[PDB]
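A.B. asks: Before anything else, here's the structure in question.
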Amino acid sequence: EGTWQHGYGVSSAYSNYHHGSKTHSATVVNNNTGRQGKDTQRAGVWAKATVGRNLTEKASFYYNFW
């Protein structure tokens, strides 16, 4: 439906999701130090979220559309 690009810079968490049909939001939580981000936008935009940045760690990537 869109373009999802999730990665992990072994230290931080980033999530970029594009959408040109309906609203979309990219949420990413850093489960290590207690970080959290989100880049909510409308239709036609690049939602890039970022959080954390230190060393290897887990993260929670979420997304949606409306």
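A.B. asks: So which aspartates and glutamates pass the test for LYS48, namely a Cα distance under 16 Å, with those fewer than 8 places away in the same chain ruled out?
C.D. replies: Within the straight-line cut-off, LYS48 pairs with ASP39.
A.B. asks: Please arrange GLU1, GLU57 by how many other C-beta atoms lie within 10 Å of their C-beta, fewest to most.
C.D. replies: By the 10 Å Cβ count, ascending, the order reads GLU1, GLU57.
A.B. asks: Report, by chain and number, residues whose modeled amide H sits under 5 Å from the one on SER12, excluding near sequence neighbours (fewer than 5 apart, same chain).
C.D. replies: When sequence neighbours closer than 5 places are left aside, the close amide H contacts are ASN54.
A.B. asks: Would you please give the residues with an amide H less than 5 Å from that of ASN32, counting only those at least 5 places away or on a separate chain, with H modeled from the backbone geometry?
C.D. replies: none
A.B. asks: Excluding same-chain residues fewer than 8 positions from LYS22, which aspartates and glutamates have a Cα within less than 12 Å of its Cα?
C.D. replies: Hits, sequence-local ones excluded: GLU1.
A.B. asks: Sticking with this structure for a sec: For a Förster distance of 22 Å, can you work out the FRET efficiency between the beta-carbons of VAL10 and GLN36, rounded to the nearest 0.05?
C.D. replies: For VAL10 and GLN36, the calculated efficiency is 0.70.
A.B. asks: Separate question: Report relative contact order for the chain in percent, whole number only (criteria: Cα-Cα under 8 Å, sequence separation at least 6).
C.D. replies: 37
A.B. asks: Mind putting a number on the dipole of the chain about its Cα centre? Charges go on the C-beta only, +1 for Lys and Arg and -1 for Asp and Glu, and I need it in Debye to the nearest 20.
C.D. replies: For this selection, approximately 120 debye.
Ideal geometry is used to build each Cβ from the backbone, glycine not excepted, and the neighbour counts take in all protein chains shown. Every read-out reported here was derived from the displayed coordinates using simple, explicitly stated rules and does not represent laboratory data.
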